[PDB]
Amino acid sequence: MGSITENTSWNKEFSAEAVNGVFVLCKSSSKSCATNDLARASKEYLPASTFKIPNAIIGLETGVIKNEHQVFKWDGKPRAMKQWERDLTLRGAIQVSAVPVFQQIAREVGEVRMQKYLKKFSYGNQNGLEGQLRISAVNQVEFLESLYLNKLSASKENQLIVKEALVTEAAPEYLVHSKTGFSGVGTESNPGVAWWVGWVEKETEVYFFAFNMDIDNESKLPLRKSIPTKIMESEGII
Amino acid sequence: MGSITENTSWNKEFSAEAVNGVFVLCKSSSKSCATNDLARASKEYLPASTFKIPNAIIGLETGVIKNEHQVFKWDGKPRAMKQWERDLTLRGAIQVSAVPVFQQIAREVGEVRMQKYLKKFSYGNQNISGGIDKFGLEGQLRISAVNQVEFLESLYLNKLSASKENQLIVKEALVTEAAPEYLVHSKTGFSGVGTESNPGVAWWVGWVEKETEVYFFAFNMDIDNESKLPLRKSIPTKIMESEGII
Ligand SMILES: [Co+2]
Ligand SMILES: [Co+2]
């Protein structure tokens, strides 16, 4: 966000769970973010399901998604996960991380048009067989800020629609917009990535966060939520 | 639309607690509603804090509220509730039910423009007389449950005489519980207590997004004792739970 600061005490939470990752946190009025690893904060990883955010905005922007009330009806073919084998709203599709739904959105937007929006959005970047899209935590928090401030190259309507769909928790005092990613299990040599991106609105303040971690045990996935919670709890947030 | 339908069956929980109230419930796809009392459903009551919903939209439309990231700054003047003595966002001012913040908005909106948008929303009997900004809590403005539900349907579907973006802002301001399987939008209302013949009213109005479906509700009850209040939340819940919603 301009200047990024190291908070090495955060690493205690990671080390207690034997997890290699990075948490990035930004207070909105600060225009400067904090982290546990300076080098890993700006390091680019596959967005996985977190890509469903810029996906949903382009999908609306192109008219591929007509409006917020559009249902994505199940065609009949057996999908990879059971949770996906039902009709879905926009929030439904996002929260169950229904890949096929967004694959179909991605097809009828197009590879070139998608790329045009990703450029404008400044969402991650590309790299001679393919070169998959990767994104840095620093880029996530920058991304979500522009989404929150309504400052993306999209209508405010379309940004607002996606934001409600990103609502994951709600209490009288705070509102949590978040999205999870998981690229798959990996090895110790070559690990998968787990994401949690979002922001926490509390009081008159806003905190943007991007967390990622190496994952080589199925069982450690839920840690993508406890590490960022325990840090934000002791920071004095939630 | 479709219809409303008395179902005395729900009265169970009301008798259970000696509560004179009404629930309206409406399946959106079915385009139809269901209640315990057709008579009380159409009976118009003081909106109280449920009135913040319209006031938010009128405030956004009129430019009074600049946008969703507007901060309503606390001057340092004492307020009736500890919870109001802090700076507030839109969601904040709606959640803690901050009377003075919204009273300020009503006054910057004016009687004229408050009539304008309230006419356009078909909000209640639309009658705002008496006091420039008291019409919600202890004024002349009154609204039915069915009307609440009607209004809230128009909000969900962005059908109001107000821009979509302002409609979406307030819709987010109303999120009160989020789960993977469903989302919840509501406001509470509460006019006061006691009798001297005439008892107070207590509202809970919202809608629930469950899978592909969505259920609109408005609820009110008669309150003469302060304690039976949480039943404004719990009773409508218990019924939705039985009907299989949450
Ligand atoms: Co928000
Ligand atoms: Co909603």
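Numbers here mean position along the shown chain, with the first residue as 1.
Keep in mind that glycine also has a Cβ here, set from the backbone N, Cα and C atoms.
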One of B:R79, B:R113, B:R232 listed by Swiss-Prot as binding beta-lactam at the site of B:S97, B:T188, B:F190: B:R232
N6-carboxylysine: annotated position in Swiss-Prot, out of B:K27, B:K52, B:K187, B:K210: B:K52
CB contacts for B:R232 (beta-lactam binding site) [other CB atoms within 10 A, all chains]: 22
B:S97 (beta-lactam binding site) in three-state DSSP notation: coil
Recorded positions clustered about B:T188 (beta-lactam binding site) [Cα within 10 Å; pool: B:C26, B:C33, B:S49]: B:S49
Residue from B:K52, B:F190, B:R232 whose C-alpha is spatially nearest that of B:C26 (disulfide bond), among the recorded positions: B:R232
